[PDB]
$ cat coords23.txt   # compact mmCIF, C-alpha atoms
# COMPACT_ATOMS: atom_id res chain seq x y z
CA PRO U 18 -29.34 -13.60 1.00
CA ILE U 19 -26.70 -10.90 1.51
CA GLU U 20 -26.96 -7.60 -0.34
CA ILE U 21 -23.64 -5.81 -0.75
CA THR U 22 -23.04 -2.34 -2.18
CA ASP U 23 -19.61 -2.15 -3.78
CA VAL U 24 -17.33 0.89 -4.09
CA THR U 25 -18.92 1.87 -7.45
CA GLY U 26 -22.48 1.61 -6.17
CA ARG U 27 -23.26 -1.83 -7.62
CA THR U 28 -25.81 -3.90 -5.76
CA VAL U 29 -24.34 -7.40 -5.48
CA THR U 30 -26.25 -10.33 -3.99
CA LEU U 31 -24.78 -13.48 -2.40
CA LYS U 32 -26.80 -16.53 -1.33
CA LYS U 33 -24.55 -16.97 1.72
CA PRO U 34 -21.19 -15.66 3.01
CA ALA U 35 -18.34 -16.05 0.49
CA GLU U 36 -16.05 -19.00 1.16
CA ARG U 37 -14.47 -19.58 -2.25
CA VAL U 38 -12.82 -16.26 -3.11
CA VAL U 39 -10.43 -15.80 -6.07
CA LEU U 40 -7.72 -13.28 -5.11
CA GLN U 41 -6.25 -10.60 -7.36
CA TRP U 42 -3.49 -8.04 -6.63
CA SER U 43 -2.59 -9.52 -3.23
CA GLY U 44 -0.54 -7.07 -1.18
CA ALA U 45 -1.29 -4.40 -3.78
CA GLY U 46 -4.78 -3.08 -3.07
CA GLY U 47 -6.57 -6.35 -3.78
CA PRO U 48 -8.57 -7.88 -0.91
CA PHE U 49 -5.83 -10.18 0.54
CA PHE U 50 -4.79 -8.06 3.54
CA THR U 51 -8.40 -7.09 4.26
CA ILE U 52 -9.52 -10.72 4.10
CA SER U 53 -6.66 -11.79 6.40
CA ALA U 54 -7.59 -9.02 8.83
CA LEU U 55 -11.22 -10.20 8.85
CA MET U 56 -10.67 -13.97 8.97
CA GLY U 57 -7.47 -14.23 11.00
CA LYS U 58 -6.40 -17.87 11.31
CA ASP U 59 -9.42 -18.93 9.23
CA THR U 60 -8.10 -17.03 6.19
CA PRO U 61 -7.29 -20.10 4.05
CA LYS U 62 -10.81 -21.52 4.61
CA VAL U 63 -12.40 -18.86 2.36
CA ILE U 64 -9.88 -18.67 -0.49
CA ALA U 65 -10.42 -20.87 -3.58
CA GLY U 66 -7.78 -19.27 -5.82
CA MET U 67 -4.48 -17.64 -4.91
CA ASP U 68 -2.85 -15.11 -7.26
CA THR U 69 0.94 -14.84 -7.65
CA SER U 70 1.29 -11.15 -6.82
CA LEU U 71 2.92 -11.78 -3.42
CA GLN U 72 5.14 -14.60 -4.70
CA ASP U 73 6.37 -12.54 -7.67
CA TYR U 74 6.54 -8.95 -6.41
CA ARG U 75 6.54 -9.16 -2.62
CA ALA U 76 8.41 -12.40 -1.96
CA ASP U 77 9.59 -11.38 1.49
CA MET U 78 5.94 -11.12 2.57
CA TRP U 79 5.16 -14.45 0.86
CA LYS U 80 7.93 -16.22 2.82
CA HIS U 81 6.87 -14.68 6.12
CA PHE U 82 3.17 -15.36 5.65
CA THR U 83 3.60 -18.93 4.37
CA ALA U 84 5.99 -19.69 7.22
CA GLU U 85 3.27 -18.83 9.72
CA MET U 86 0.31 -20.03 7.62
CA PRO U 87 1.64 -22.84 5.36
CA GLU U 88 -1.84 -23.64 4.02
CA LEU U 89 -1.57 -20.51 1.87
CA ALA U 90 0.94 -22.27 -0.39
CA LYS U 91 -1.49 -25.18 -0.89
CA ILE U 92 -4.29 -23.09 -2.43
CA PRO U 93 -4.65 -23.57 -6.22
CA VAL U 94 -2.82 -20.78 -8.08
CA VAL U 95 -4.61 -18.48 -10.58
CA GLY U 96 -3.28 -16.03 -13.16
CA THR U 97 -3.56 -12.25 -12.91
CA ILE U 98 -6.01 -10.16 -14.99
CA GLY U 99 -4.13 -8.15 -17.60
CA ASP U 100 -1.34 -10.69 -17.76
CA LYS U 101 -1.37 -13.45 -20.35
CA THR U 102 -1.32 -15.76 -17.30
CA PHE U 103 -5.02 -15.32 -16.52
CA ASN U 104 -7.07 -18.27 -17.76
CA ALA U 105 -10.81 -17.74 -17.25
CA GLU U 106 -11.66 -21.44 -17.68
CA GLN U 107 -9.08 -22.42 -15.03
CA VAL U 108 -10.65 -19.96 -12.60
CA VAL U 109 -14.24 -21.07 -13.35
CA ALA U 110 -13.05 -24.62 -12.67
CA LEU U 111 -12.34 -23.64 -9.06
CA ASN U 112 -16.09 -23.04 -8.54
CA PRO U 113 -15.47 -19.69 -6.84
CA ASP U 114 -18.30 -17.59 -5.43
CA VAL U 115 -16.80 -14.10 -5.47
CA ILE U 116 -13.88 -12.18 -6.95
CA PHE U 117 -12.89 -8.76 -5.57
CA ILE U 118 -11.52 -6.43 -8.23
CA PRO U 119 -9.77 -3.11 -7.62
CA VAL U 120 -11.23 -0.20 -9.61
CA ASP U 121 -7.79 0.35 -11.18
CA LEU U 122 -8.18 -3.19 -12.59
CA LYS U 123 -11.92 -2.86 -13.48
CA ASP U 124 -11.59 -1.82 -17.14
CA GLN U 125 -9.25 -4.71 -17.94
CA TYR U 126 -11.37 -7.14 -15.92
CA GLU U 127 -14.58 -6.13 -17.69
CA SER U 128 -12.89 -6.38 -21.08
CA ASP U 129 -11.14 -9.73 -20.59
CA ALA U 130 -12.99 -11.93 -18.08
CA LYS U 131 -16.19 -10.53 -16.49
CA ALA U 132 -18.55 -11.90 -19.15
CA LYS U 133 -17.08 -15.34 -18.44
CA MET U 134 -17.35 -14.83 -14.68
CA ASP U 135 -20.99 -13.70 -15.10
CA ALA U 136 -21.81 -16.69 -17.33
CA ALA U 137 -20.45 -19.01 -14.61
CA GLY U 138 -22.50 -17.38 -11.84
CA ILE U 139 -19.48 -15.84 -10.08
CA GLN U 140 -20.10 -12.49 -8.35
CA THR U 141 -17.90 -9.43 -8.85
CA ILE U 142 -17.33 -6.91 -6.03
CA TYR U 143 -15.35 -3.73 -6.85
CA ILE U 144 -13.10 -2.20 -4.18
CA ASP U 145 -10.80 0.83 -4.30
CA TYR U 146 -7.93 1.51 -1.94
CA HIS U 147 -6.02 3.27 -4.74
CA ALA U 148 -8.23 6.36 -4.62
CA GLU U 149 -6.93 7.12 -1.12
CA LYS U 150 -10.29 8.63 -0.16
CA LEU U 151 -11.79 7.91 3.26
CA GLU U 152 -15.22 6.93 1.88
CA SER U 153 -13.68 4.51 -0.66
CA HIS U 154 -11.60 2.79 2.02
CA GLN U 155 -14.61 2.58 4.35
CA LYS U 156 -16.90 1.24 1.64
CA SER U 157 -14.25 -1.24 0.48
CA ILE U 158 -13.68 -2.58 4.00
CA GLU U 159 -17.43 -2.71 4.56
CA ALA U 160 -18.12 -4.57 1.28
CA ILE U 161 -15.43 -7.23 1.85
CA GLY U 162 -16.59 -7.74 5.43
CA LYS U 163 -20.26 -8.09 4.50
CA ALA U 164 -19.37 -10.52 1.70
CA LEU U 165 -17.51 -12.67 4.25
CA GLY U 166 -20.16 -12.46 6.98
CA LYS U 167 -17.80 -10.41 9.16
CA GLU U 168 -19.66 -7.08 9.39
CA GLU U 169 -18.74 -6.36 13.01
CA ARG U 170 -15.00 -6.95 12.55
CA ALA U 171 -15.13 -4.93 9.35
CA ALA U 172 -16.61 -2.11 11.48
CA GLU U 173 -13.64 -2.33 13.88
CA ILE U 174 -11.17 -2.17 11.00
CA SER U 175 -13.00 0.78 9.41
CA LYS U 176 -13.04 2.69 12.70
CA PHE U 177 -9.35 1.93 13.32
CA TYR U 178 -8.59 3.36 9.88
CA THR U 179 -11.03 6.26 10.23
CA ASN U 180 -9.84 7.36 13.71
CA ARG U 181 -6.34 7.84 12.33
CA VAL U 182 -6.82 9.26 8.86
CA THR U 183 -9.38 11.85 10.04
CA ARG U 184 -7.07 13.06 12.83
CA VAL U 185 -4.39 13.62 10.16
CA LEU U 186 -6.62 15.21 7.51
CA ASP U 187 -8.46 17.47 9.98
CA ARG U 188 -5.30 18.68 11.67
CA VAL U 189 -3.51 19.28 8.33
CA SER U 190 -6.43 21.42 7.15
CA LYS U 191 -5.98 23.68 10.18
CA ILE U 192 -2.21 24.13 9.88
CA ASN U 193 -1.53 27.52 8.26
CA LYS U 194 2.31 27.45 8.44
CA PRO U 195 4.27 27.30 5.18
CA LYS U 196 4.23 23.86 3.55
CA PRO U 197 7.57 22.08 3.45
CA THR U 198 8.84 21.33 -0.04
CA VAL U 199 9.48 17.63 -0.61
CA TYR U 200 11.29 15.53 -3.20
CA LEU U 201 9.81 12.01 -3.46
CA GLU U 202 11.54 9.06 -5.11
CA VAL U 203 11.02 5.30 -5.33
CA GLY U 204 14.49 4.06 -4.41
CA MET U 205 14.27 0.92 -6.56
CA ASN U 206 17.32 1.67 -8.69
CA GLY U 207 19.72 2.68 -5.91
CA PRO U 208 21.86 5.85 -5.71
CA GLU U 209 23.34 5.43 -9.21
CA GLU U 210 20.03 5.69 -11.14
CA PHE U 211 16.99 7.84 -10.30
CA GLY U 212 13.79 5.97 -9.59
CA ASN U 213 10.33 7.33 -10.37
CA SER U 214 9.15 10.59 -8.83
CA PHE U 215 5.56 11.83 -8.70
CA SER U 216 3.04 14.51 -9.71
CA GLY U 217 1.09 16.21 -6.92
CA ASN U 218 -2.02 14.09 -7.53
CA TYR U 219 -0.74 10.54 -8.10
CA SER U 220 0.26 7.86 -5.57
CA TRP U 221 2.93 9.10 -3.11
CA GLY U 222 2.54 12.56 -4.62
CA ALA U 223 -1.18 12.60 -3.87
CA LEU U 224 -0.61 11.36 -0.32
CA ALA U 225 2.14 13.92 0.35
CA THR U 226 -0.15 16.71 -0.88
CA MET U 227 -3.02 15.55 1.36
CA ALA U 228 -0.61 15.47 4.30
CA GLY U 229 0.25 19.13 3.72
CA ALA U 230 3.46 19.09 1.67
CA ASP U 231 4.53 21.03 -1.43
CA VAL U 232 5.60 18.32 -3.91
CA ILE U 233 8.48 19.92 -5.87
CA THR U 234 7.82 17.67 -8.89
CA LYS U 235 4.03 18.34 -9.03
CA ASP U 236 4.29 20.35 -12.29
CA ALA U 237 7.18 18.56 -14.02
CA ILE U 238 6.07 14.92 -13.71
CA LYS U 239 2.71 13.95 -15.24
CA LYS U 240 2.09 10.77 -13.22
CA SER U 241 5.15 8.77 -12.13
CA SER U 242 8.43 8.96 -14.03
CA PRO U 243 11.94 9.92 -13.05
CA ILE U 244 13.01 13.56 -12.74
CA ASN U 245 16.26 15.03 -14.09
CA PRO U 246 18.95 15.08 -11.32
CA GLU U 247 19.59 18.81 -11.90
CA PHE U 248 15.98 19.60 -10.94
CA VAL U 249 16.57 18.43 -7.35
CA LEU U 250 19.76 20.49 -6.91
CA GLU U 251 18.00 23.65 -8.14
CA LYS U 252 14.88 23.19 -6.03
CA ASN U 253 16.88 22.30 -2.90
CA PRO U 254 13.85 20.77 -1.16
CA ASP U 255 13.20 21.03 2.60
CA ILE U 256 12.64 17.27 2.80
CA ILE U 257 13.68 14.19 0.76
CA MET U 258 11.91 10.85 1.08
CA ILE U 259 13.25 7.74 -0.69
CA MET U 260 10.79 4.82 -0.84
CA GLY U 261 12.10 1.38 0.14
CA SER U 262 10.90 -2.17 -0.46
CA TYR U 263 12.07 -5.70 -1.21
CA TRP U 264 14.08 -5.50 -4.46
CA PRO U 265 16.63 -8.36 -4.23
CA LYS U 266 17.72 -7.94 -7.87
CA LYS U 267 18.80 -4.37 -7.06
CA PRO U 268 21.43 -4.73 -4.31
CA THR U 269 21.82 -0.96 -3.79
CA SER U 270 18.06 -0.33 -3.73
CA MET U 271 16.58 1.13 -0.54
CA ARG U 272 15.58 -1.88 1.58
CA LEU U 273 12.51 -1.96 3.84
CA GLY U 274 10.05 -4.70 4.87
CA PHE U 275 10.46 -8.10 6.54
CA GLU U 276 13.99 -8.60 5.23
CA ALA U 277 15.49 -5.39 6.54
CA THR U 278 17.64 -4.37 9.47
CA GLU U 279 18.13 -0.93 11.04
CA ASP U 280 21.87 -0.80 10.21
CA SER U 281 21.40 -1.91 6.60
CA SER U 282 18.50 0.46 5.94
CA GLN U 283 20.56 3.34 7.38
CA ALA U 284 23.53 2.56 5.15
CA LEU U 285 21.39 2.13 2.03
CA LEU U 286 19.63 5.47 2.66
CA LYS U 287 22.87 7.29 3.45
CA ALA U 288 24.42 6.00 0.21
CA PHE U 289 21.80 7.93 -1.79
CA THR U 290 23.13 11.17 -0.22
CA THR U 291 26.84 10.30 -0.57
CA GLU U 292 26.95 8.75 -4.06
CA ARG U 293 24.86 11.42 -5.83
CA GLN U 294 26.51 14.54 -7.26
CA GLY U 295 25.80 17.58 -5.09
CA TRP U 296 23.49 15.81 -2.61
CA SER U 297 26.03 16.30 0.21
CA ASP U 298 25.36 20.03 -0.10
CA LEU U 299 21.57 19.68 -0.23
CA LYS U 300 19.61 21.53 2.45
CA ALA U 301 17.66 18.29 3.09
CA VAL U 302 20.85 16.29 3.67
CA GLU U 303 22.59 18.94 5.78
CA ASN U 304 19.55 19.37 8.05
CA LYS U 305 18.99 15.62 8.33
CA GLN U 306 15.61 15.81 6.60
CA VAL U 307 16.04 12.55 4.67
CA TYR U 308 13.38 9.89 5.29
CA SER U 309 12.11 6.60 3.87
CA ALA U 310 8.76 4.79 3.95
CA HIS U 311 7.85 1.36 2.54
CA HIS U 312 6.57 1.55 -1.08
CA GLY U 313 4.05 -1.25 -0.52
CA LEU U 314 2.18 0.37 2.35
CA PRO U 315 -0.08 2.75 0.34
CA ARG U 316 -3.33 1.78 -1.44
CA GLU U 317 -4.03 -0.75 1.33
CA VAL U 318 -6.25 -1.41 4.32
CA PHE U 319 -3.39 -0.53 6.69
CA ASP U 320 -2.26 2.67 4.89
CA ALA U 321 -3.47 4.93 7.71
CA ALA U 322 0.10 4.51 8.95
CA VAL U 323 1.35 6.20 5.77
CA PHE U 324 -0.99 9.17 6.27
CA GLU U 325 0.41 9.49 9.80
CA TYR U 326 4.05 9.09 8.72
CA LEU U 327 3.81 11.77 6.05
CA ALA U 328 2.01 14.31 8.27
CA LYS U 329 4.32 13.67 11.24
CA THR U 330 7.39 13.97 8.95
CA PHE U 331 6.20 17.26 7.45
CA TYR U 332 4.87 18.68 10.75
CA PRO U 333 6.74 16.99 13.68
CA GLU U 334 5.60 19.29 16.51
CA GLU U 335 1.95 19.16 15.41
CA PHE U 336 1.95 15.35 15.52
CA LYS U 337 3.76 14.34 18.74
CA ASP U 338 0.66 12.36 19.72
CA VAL U 339 0.94 10.19 16.60
CA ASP U 340 3.18 7.11 16.20
CA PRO U 341 3.06 5.70 12.64
CA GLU U 342 5.18 2.64 13.44
CA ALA U 343 2.94 1.82 16.41
CA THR U 344 -0.10 2.18 14.13
CA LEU U 345 1.23 -0.41 11.66
CA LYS U 346 2.30 -2.76 14.47
CA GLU U 347 -1.09 -2.35 16.14
CA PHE U 348 -2.91 -3.16 12.89
CA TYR U 349 -0.93 -6.41 12.77
CA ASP U 350 -1.36 -7.15 16.50
CA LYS U 351 -5.12 -6.48 16.42
CA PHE U 352 -6.25 -7.99 13.09
CA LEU U 353 -3.61 -9.96 11.16
CA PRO U 354 -2.75 -13.65 11.62
CA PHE U 355 0.87 -12.81 10.71
CA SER U 356 3.44 -11.58 13.25
CA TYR U 357 4.70 -8.02 12.98
CA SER U 358 8.43 -7.48 12.33
CA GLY U 359 10.89 -5.80 9.95
CA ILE U 360 11.50 -2.10 9.18
CA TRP U 361 8.90 0.09 7.48
CA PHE U 362 9.92 3.68 8.19
CA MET U 363 13.28 5.36 8.53
CA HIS U 364 14.95 8.64 9.37
CA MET U 365 18.54 8.89 8.21
CA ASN U 366 21.05 9.54 10.98
$ encode --input "coords23.txt" --output "structure tokens"
Amino acid sequence: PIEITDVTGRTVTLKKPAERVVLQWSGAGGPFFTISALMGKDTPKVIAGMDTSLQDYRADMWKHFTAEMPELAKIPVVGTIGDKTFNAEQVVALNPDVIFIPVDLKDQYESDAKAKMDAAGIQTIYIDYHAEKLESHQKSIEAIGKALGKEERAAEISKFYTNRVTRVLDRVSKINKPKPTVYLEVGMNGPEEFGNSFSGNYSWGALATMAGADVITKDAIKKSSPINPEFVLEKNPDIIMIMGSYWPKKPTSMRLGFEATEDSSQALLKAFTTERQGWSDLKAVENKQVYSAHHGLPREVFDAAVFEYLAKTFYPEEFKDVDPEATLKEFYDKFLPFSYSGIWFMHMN
């Protein structure tokens, strides 16, 4: 009998290691990447239900992963909580043993499905990569590992993560130089339409703040919504970072990930600075302080690389001993059954 403590403090008991997991929010702070990192090639042997998060919102990852692990595409598909695609009876019919639910999804889960999961004898384990707190990441990794009977490997993953995030957070706390001002934008809409920016305590804005930056939008944006173009010209930030990802329906969107090349990513980033009124004259553009990181890297088991990228971008000389791309690659090399490739970070020429 395995006793697991989840990220909220719930004591959850399994009769034996989980081997019929139902996935939610794969590639988005759900357990998928953690499970793959723990199980390696044996990943499909513990999954009873596959969500459609990767297929629908991260298709480049879905193609890459299924190419190397075709059994993933053979696992019965389940809906997503909070969509009208989730069917509790269909899930129960898979005879699963555990479902991992992100805290950001907990309220909806408890309202819509948990009573039905409980009635069927299915265990719930809450995890929370979205908090971006060291203890929450550690406890999440530890809970998923213990559920799977992979406590030792979970310990390696936790230490890998912990080594890197603590180096960043400790060093940042001891830097007393002025904080660089930063404008943050999800580059999903391309140069011609502003994507969402951030407050100082949400998502990319929270991460940038922890990494020692002054988020210029911290007071003007409540959570994540776009800023008025004139705001950026007036603030004239030290640094601009445009987030990239796989957005094939937006051909001018900033492109990063498995379907990305160096030349293309450079041209897409540069277009933001050339197509936007006044950007050519921006301090950030003139001084070549325009960067890009992959939007899908935060709130995940491998997001230590994001902590490193932000801190190294804001404080280059204080972080010469840190290599954020090597950290991501090493996470893949060490733990994941999928080959590393693609482009995940970028500095505009």
$ residues_around --input "coords23.txt" --residues "residue U:57" --least-positions-apart "6" --cutoff "7 Å" --atoms "only C-alpha atoms" --output "ChimeraX atom specification"
/U:352-354
$ closest_atom_pairs --input "coords23.txt" --of "stretch 28-70 of chain U" --to "stretch 135-148 of chain U" --cutoff "8 Å" --atoms "only C-alpha atoms" --output "tab-separated table"
residue	atom	partner	partner_atom	distance
U:29	CA	U:142	CA	7.0
U:30	CA	U:140	CA	7.8
U:31	CA	U:140	CA	7.6
U:46	CA	U:146	CA	5.7
U:47	CA	U:144	CA	7.7
U:48	CA	U:144	CA	8.0
$ atom_distance --input "coords23.txt" --atom1 "atom CA of residue U:63" --atom2 "atom CA of residue U:51"
12.6 Å
$ atom_distance --input "coords23.txt" --atom1 "atom CA of residue U:201" --atom2 "atom CA of residue U:258"
5.1 Å
$ residues_around --input "coords23.txt" --residues "residue U:206" --least-positions-apart "6" --cutoff "8 Å" --atoms "only C-alpha atoms" --output "mmCIF file with C-alpha atoms, in the coordinates of the input"
data_model
loop_
_atom_site.group_PDB
_atom_site.id
_atom_site.type_symbol
_atom_site.label_atom_id
_atom_site.label_comp_id
_atom_site.auth_asym_id
_atom_site.auth_seq_id
_atom_site.Cartn_x
_atom_site.Cartn_y
_atom_site.Cartn_z
ATOM 1 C CA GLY U 212 13.790 5.970 -9.590
ATOM 2 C CA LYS U 267 18.800 -4.370 -7.060
ATOM 3 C CA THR U 269 21.820 -0.960 -3.790
ATOM 4 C CA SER U 270 18.060 -0.330 -3.730
#
$ closest_residue --input "coords23.txt" --among "U:251, U:168, U:36, U:325" --to "residue U:339" --atoms "only C-alpha atoms"
U:325
$ atom_distance --input "coords23.txt" --atom1 "atom CA of residue U:105" --atom2 "atom CA of residue U:131"
9.0 Å
$ residues_around --input "coords23.txt" --residues "stretch 301-316 of chain U" --least-positions-apart "6" --cutoff "7 Å" --atoms "all atoms listed in the file" --output "PDB file with C-alpha atoms, keeping the file's coordinate frame"
ATOM      1  CA  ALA U  45      -1.290  -4.400  -3.780  1.00  0.00           C
ATOM      2  CA  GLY U  46      -4.780  -3.080  -3.070  1.00  0.00           C
ATOM      3  CA  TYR U 146      -7.930   1.510  -1.940  1.00  0.00           C
ATOM      4  CA  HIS U 147      -6.020   3.270  -4.740  1.00  0.00           C
ATOM      5  CA  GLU U 149      -6.930   7.120  -1.120  1.00  0.00           C
ATOM      6  CA  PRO U 254      13.850  20.770  -1.160  1.00  0.00           C
ATOM      7  CA  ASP U 255      13.200  21.030   2.600  1.00  0.00           C
ATOM      8  CA  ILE U 256      12.640  17.270   2.800  1.00  0.00           C
ATOM      9  CA  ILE U 257      13.680  14.190   0.760  1.00  0.00           C
ATOM     10  CA  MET U 258      11.910  10.850   1.080  1.00  0.00           C
ATOM     11  CA  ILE U 259      13.250   7.740  -0.690  1.00  0.00           C
ATOM     12  CA  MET U 260      10.790   4.820  -0.840  1.00  0.00           C
ATOM     13  CA  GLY U 261      12.100   1.380   0.140  1.00  0.00           C
ATOM     14  CA  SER U 262      10.900  -2.170  -0.460  1.00  0.00           C
ATOM     15  CA  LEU U 273      12.510  -1.960   3.840  1.00  0.00           C
ATOM     16  CA  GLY U 274      10.050  -4.700   4.870  1.00  0.00           C
ATOM     17  CA  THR U 290      23.130  11.170  -0.220  1.00  0.00           C
ATOM     18  CA  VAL U 323       1.350   6.200   5.770  1.00  0.00           C
ATOM     19  CA  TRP U 361       8.900   0.090   7.480  1.00  0.00           C
ATOM     20  CA  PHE U 362       9.920   3.680   8.190  1.00  0.00           C
ATOM     21  CA  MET U 363      13.280   5.360   8.530  1.00  0.00           C
ATOM     22  CA  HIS U 364      14.950   8.640   9.370  1.00  0.00           C
ATOM     23  CA  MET U 365      18.540   8.890   8.210  1.00  0.00           C
ATOM     24  CA  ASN U 366      21.050   9.540  10.980  1.00  0.00           C
TER      25      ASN U 366
END
$ residues_near_point --input "coords23.txt" --point "(-5.9, -8.1, -18.1)" --cutoff "12 Å" --atoms "only C-alpha atoms" --output "ChimeraX atom specification"
/U:41-42,96-105,118,121-131
$ residues_around --input "coords23.txt" --residues "residue U:55" --least-positions-apart "3" --cutoff "12 Å" --atoms "all atoms listed in the file" --output "NGL selection string"
:U and (48-52 or 58-61 or 63 or 158-175 or 318 or 348-349 or 351-354)
$ axis_aligned_box --input "coords23.txt" --around "stretch 102-115 of chain U" --padding-each-side "3 Å" --output "JSON"
{"center_x": -9.8, "center_y": -19.4, "center_z": -11.6, "size_x": 23.0, "size_y": 16.5, "size_z": 18.3}
$ residues_around --input "coords23.txt" --residues "residue U:217" --least-positions-apart "2" --cutoff "8 Å" --atoms "all atoms listed in the file" --output "mmCIF file with C-alpha atoms, keeping the file's coordinate frame"
data_model
loop_
_atom_site.group_PDB
_atom_site.id
_atom_site.type_symbol
_atom_site.label_atom_id
_atom_site.label_comp_id
_atom_site.auth_asym_id
_atom_site.auth_seq_id
_atom_site.Cartn_x
_atom_site.Cartn_y
_atom_site.Cartn_z
ATOM 1 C CA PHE U 215 5.560 11.830 -8.700
ATOM 2 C CA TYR U 219 -0.740 10.540 -8.100
ATOM 3 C CA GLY U 222 2.540 12.560 -4.620
ATOM 4 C CA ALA U 223 -1.180 12.600 -3.870
ATOM 5 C CA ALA U 225 2.140 13.920 0.350
ATOM 6 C CA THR U 226 -0.150 16.710 -0.880
ATOM 7 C CA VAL U 232 5.600 18.320 -3.910
ATOM 8 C CA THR U 234 7.820 17.670 -8.890
ATOM 9 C CA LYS U 235 4.030 18.340 -9.030
ATOM 10 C CA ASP U 236 4.290 20.350 -12.290
#
$ closest_residue --input "coords23.txt" --among "U:284, U:40, U:230, U:328" --to "residue U:119" --atoms "all atoms listed in the file"
U:40
$ decode --input "coords23.txt" --residues "stretch 131-143 of chain U" --atoms "N, CA, C and O atoms" --output "PDB file, in the first residue's frame"
ATOM      1  N   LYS U 131     -15.170  14.773 -10.012  1.00  0.00           N
ATOM      2  CA  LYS U 131     -14.549  14.079  -8.875  1.00  0.00           C
ATOM      3  C   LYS U 131     -15.495  13.140  -8.124  1.00  0.00           C
ATOM      4  O   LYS U 131     -15.093  12.041  -7.770  1.00  0.00           O
ATOM      5  N   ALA U 132     -16.741  13.550  -7.898  1.00  0.00           N
ATOM      6  CA  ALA U 132     -17.691  12.661  -7.230  1.00  0.00           C
ATOM      7  C   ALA U 132     -17.833  11.357  -8.017  1.00  0.00           C
ATOM      8  O   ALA U 132     -17.933  10.272  -7.427  1.00  0.00           O
ATOM      9  N   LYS U 133     -17.820  11.460  -9.343  1.00  0.00           N
ATOM     10  CA  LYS U 133     -17.951  10.275 -10.183  1.00  0.00           C
ATOM     11  C   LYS U 133     -16.680   9.430 -10.161  1.00  0.00           C
ATOM     12  O   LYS U 133     -16.748   8.189 -10.171  1.00  0.00           O
ATOM     13  N   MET U 134     -15.535  10.096 -10.092  1.00  0.00           N
ATOM     14  CA  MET U 134     -14.253   9.403  -9.987  1.00  0.00           C
ATOM     15  C   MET U 134     -14.174   8.677  -8.638  1.00  0.00           C
ATOM     16  O   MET U 134     -13.794   7.495  -8.575  1.00  0.00           O
ATOM     17  N   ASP U 135     -14.564   9.374  -7.565  1.00  0.00           N
ATOM     18  CA  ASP U 135     -14.608   8.782  -6.222  1.00  0.00           C
ATOM     19  C   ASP U 135     -15.520   7.549  -6.184  1.00  0.00           C
ATOM     20  O   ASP U 135     -15.139   6.476  -5.694  1.00  0.00           O
ATOM     21  N   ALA U 136     -16.743   7.711  -6.682  1.00  0.00           N
ATOM     22  CA  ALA U 136     -17.701   6.612  -6.727  1.00  0.00           C
ATOM     23  C   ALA U 136     -17.143   5.373  -7.431  1.00  0.00           C
ATOM     24  O   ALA U 136     -17.483   4.250  -7.064  1.00  0.00           O
ATOM     25  N   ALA U 137     -16.284   5.578  -8.425  1.00  0.00           N
ATOM     26  CA  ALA U 137     -15.724   4.473  -9.206  1.00  0.00           C
ATOM     27  C   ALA U 137     -14.436   3.907  -8.601  1.00  0.00           C
ATOM     28  O   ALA U 137     -13.868   2.953  -9.136  1.00  0.00           O
ATOM     29  N   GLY U 138     -13.959   4.511  -7.515  1.00  0.00           N
ATOM     30  CA  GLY U 138     -12.765   4.018  -6.845  1.00  0.00           C
ATOM     31  C   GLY U 138     -11.471   4.521  -7.465  1.00  0.00           C
ATOM     32  O   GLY U 138     -10.394   3.958  -7.219  1.00  0.00           O
ATOM     33  N   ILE U 139     -11.562   5.577  -8.269  1.00  0.00           N
ATOM     34  CA  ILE U 139     -10.382   6.151  -8.916  1.00  0.00           C
ATOM     35  C   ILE U 139      -9.755   7.221  -8.016  1.00  0.00           C
ATOM     36  O   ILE U 139     -10.463   8.092  -7.497  1.00  0.00           O
ATOM     37  N   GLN U 140      -8.436   7.169  -7.840  1.00  0.00           N
ATOM     38  CA  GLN U 140      -7.760   8.108  -6.941  1.00  0.00           C
ATOM     39  C   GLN U 140      -7.407   9.412  -7.636  1.00  0.00           C
ATOM     40  O   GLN U 140      -7.057   9.415  -8.818  1.00  0.00           O
ATOM     41  N   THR U 141      -7.486  10.514  -6.896  1.00  0.00           N
ATOM     42  CA  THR U 141      -7.107  11.826  -7.424  1.00  0.00           C
ATOM     43  C   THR U 141      -5.813  12.274  -6.732  1.00  0.00           C
ATOM     44  O   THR U 141      -5.693  12.164  -5.496  1.00  0.00           O
ATOM     45  N   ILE U 142      -4.847  12.757  -7.512  1.00  0.00           N
ATOM     46  CA  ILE U 142      -3.615  13.311  -6.956  1.00  0.00           C
ATOM     47  C   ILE U 142      -3.393  14.712  -7.518  1.00  0.00           C
ATOM     48  O   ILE U 142      -3.198  14.877  -8.733  1.00  0.00           O
ATOM     49  N   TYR U 143      -3.435  15.732  -6.662  1.00  0.00           N
ATOM     50  CA  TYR U 143      -3.249  17.115  -7.162  1.00  0.00           C
ATOM     51  C   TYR U 143      -1.775  17.464  -7.309  1.00  0.00           C
ATOM     52  O   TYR U 143      -0.965  17.102  -6.458  1.00  0.00           O
TER      53      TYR U 143
END
